[PDB]
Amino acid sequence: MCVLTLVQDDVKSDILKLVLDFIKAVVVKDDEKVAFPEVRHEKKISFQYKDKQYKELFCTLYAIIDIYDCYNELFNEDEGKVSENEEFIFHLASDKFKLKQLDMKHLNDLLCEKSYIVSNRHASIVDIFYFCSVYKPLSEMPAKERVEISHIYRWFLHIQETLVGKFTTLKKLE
């Protein structure tokens, strides 16, 4: 009926879990009636909804955004920052979801004054993207280095404490 296939230890797959968490936390809320996809872990990213099949991260993400009617929430249409949200997530996908140390510098500075990478209100699609991308480099980071990126860390644990839910499989830090 509604089956999402993902992959273990894959950033793209983490993202699709965290969206389902963002969707549960932010969009449908205490409404128990809404149905969520069965999640399975196999080797490629497919999504089976009704008679239609969707493939890989992008086709699936846009399928999901559609079903849960959560474009506005995710892309911050309310603030007129759709294109700015897009610019960030596309740039990341472009760089195969990896961040150079010069990117962390740009990010950490940015997060000093911001609660969220793009939005001035709530977490967007972009916070979800970079969360999943910075997770490994962050989990491996020695204490001395972590304080050099204190703002990223301050932003990180906040997304962790507020969006991470049922579907997210990554172990919690601290």
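Don't overthink the numbering: it's just position in the shown sequence, from 1.
- Looking at 55 to 63 and 123 to 131 together, the entry lists the larger mean B-factor for 55 to 63, computed on C-alpha atoms.
- As recorded in the PDB entry, 146 to 154 is the stretch of 16 to 24 and 146 to 154 with the greater mean C-alpha temperature factor.
- The PDB entry assigns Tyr49 a C-alpha temperature factor belonging to the highest third of its chain's modelled residues.
- Compared with the other modelled residues of the chain, the Cα B-factor recorded for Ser94 ranks in the lowest third.
- Among the modelled residues of the chain, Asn85 sits in the lowest third by CA temperature factor in this PDB entry.
- In this PDB entry, the Cα temperature factor of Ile117 sits in the bottom third of its chain's modelled residues, the lowest group.
- Among all modelled residues in this chain, the alpha-carbon of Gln8 has a temperature factor (C-alpha) in the highest third.
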